[PDB]
């Protein structure tokens, strides 16, 4: 369990991030949600998680494309929740196109959110975690942080950058009660159609779910994973095995 602990999950207003925030809340961790979408639906999710799990849940609408806003999210989490034990850097965006046709604006945006926000979040969290003698940085990368796919140059580059940054984070904090790891998901979600689309990269022909990724984050945040650091955990149904 994670009672008494505080977890900040970027881009948790929906999808994978919400699945992770939910799983952590279910372990008794207080949560700080983040991301965009419909404000009423967001408040419903925030209020609902707090009630369903008996934990404190706040919403911070910080725009992660801005370095200072990312750092502010972490520092405010500490001010309001009293500490920060788990930081899940999850928010990300995508754009497909040949390298020569890839807009510089899109390249910069993907690098800023998918990679630099990991830097800014981590930088702000580390001083608190070191003083706490406890920390868990969980970066949601991708199978594309380990291998490549055509037409996703910026995304692949940024995700590879995250895996490398994660390793450095682990080395700088080794032995200080802090670990840093990167979860690398395969595809996340007519049955014939689905299996056909997954056939290309995902051998299991099964989609990875937000609940499964949430369970993986919960494991990394547990004491059993105290010595799991600077590594990647592939949840890709065999994507990278071949």
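Residue numbers count along the first chain shown, from 1.
*Unmodelled deposited residues between residue 189 and residue 190: none, 1 to 3, 4 to 9, or 10 or more?*
Missing in between: 10 or more residues.
_Residue range whose averaged C-alpha B-factor is higher in the record, 53-61 or 192-200_ = Looking at the recorded C-alpha B-factors, 192-200 comes out higher on average.
_Average Cα temperature factor in the PDB entry - higher stretch of 203-211, 171-179_ = Comparing averages over the C-alpha atoms only gives 203-211.
*Choose from 129, 148, 140, 115 the residue with the greatest Cα B-factor as stated in the PDB record.*
Comparing C-alpha B-factors across 129, 148, 140, 115, the top value belongs to 148.
*Top residue by Cα temperature factor, when 84, 111, 93, 163 are compared in the entry*: Checking the PDB record, the top C-alpha B-factor among 84, 111, 93, 163 is at 93.
*Name the third of the chain's ranked CA B-factors that contains residue 98, choosing lowest, middle or highest.*
It belongs to the highest third of the chain when residues are ordered by C-alpha B-factor.
_When the deposited Cα B-factors of this chain's modelled residues are ordered and cut into thirds, is residue 71 in the lowest, the middle or the highest one?_
Middle third.
*Looking at the entry's B-factor column for C-alpha atoms only, identify whether residue 241 ranks in the lowest, middle or highest third of its chain.*
Highest third - that is where residue 241 ends up once the chain's C-alpha B-factors are sorted.
*Third of the chain, ranked by Cα B-factor, where residue 6 sits*: Its C-alpha B-factor belongs to the middle third of this chain's values.
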